[PDB]
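For reference, the chain that follows is the form deposited in one PDB entry, supplied as structure tokens.
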């Protein structure tokens, strides 16, 4: 029985219930993420920015079932085109707007990766992706507003692939945390 998360802490408690088992009801998870109304005071601890690129700030380890993290995007900061390592990936905006561009998996032949679509994700909206859907790039294209998003990945993963838009060629990337549980982790 899905109830509205009253706070980020409450959201986390609900997520632990939704991930108690071995499978994932994606629509329920997305619905509860969407229902949490971003409250900046509740996540200020995790919202640690870097001047040069977006940061990943671990919030909860989901009793091993998922990683929940907050990503902080300076003006003009964005990601690679990337996959999600056979995991579910949820993205909820907590502040600002992000542009999500979708791409299909490349063929073996070297070719320009053509965007299949794009959307603007707005405050409190939740998006979902997995490798069966395709690849994406996420970007804060704003010149004036930093963005903050809440990401849930299940199972957790710390490696993924970045794709070269010019060729479709992929490279393995290890993902790093800027902080964990509010503590900067050089």
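Numbering follows the first chain given and starts at 1.
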| property | result |
| --- | --- |
| 116-124 or 64-72, whichever carries the higher mean Cα B-factor | 116-124 |
| Stretch with the higher entry mean CA B-factor, where the candidates are 174-182 and 8-16 | 174-182 |
| Maximum C-alpha temperature factor, selected from 145, 139, 50, 158 | 158 |
| Highest-ranked of 77, 92, 109, 84 once sorted by CA temperature factor in the record | 109 |
| CA B-factor placement of residue 58, once the chain's modelled residues are sorted into thirds | lowest |
| Assigned third (lowest, middle, highest) for the C-alpha B factor of residue 129 | lowest |
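The form solved in complex with a small molecule is left out here; the points below concern that form.
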query: Partner-facing stretch of 58-66, 44-52, 136-144, 29-37, counted where any non-hydrogen atom is within 4.5 angstroms of the small molecule in the deposited complex; finding: 136-144
query: Partner proximity in the deposited complex: residue 9 to the small molecule, non-hydrogen atom cutoff 4.5 Å; finding: no
query: Proximity of residue 94 to the small molecule in the deposited complex, heavy atoms at 4.5 Å; finding: no
query: 4.5 Å heavy atom contact, residue 71 to the small molecule in the deposited complex; finding: yes
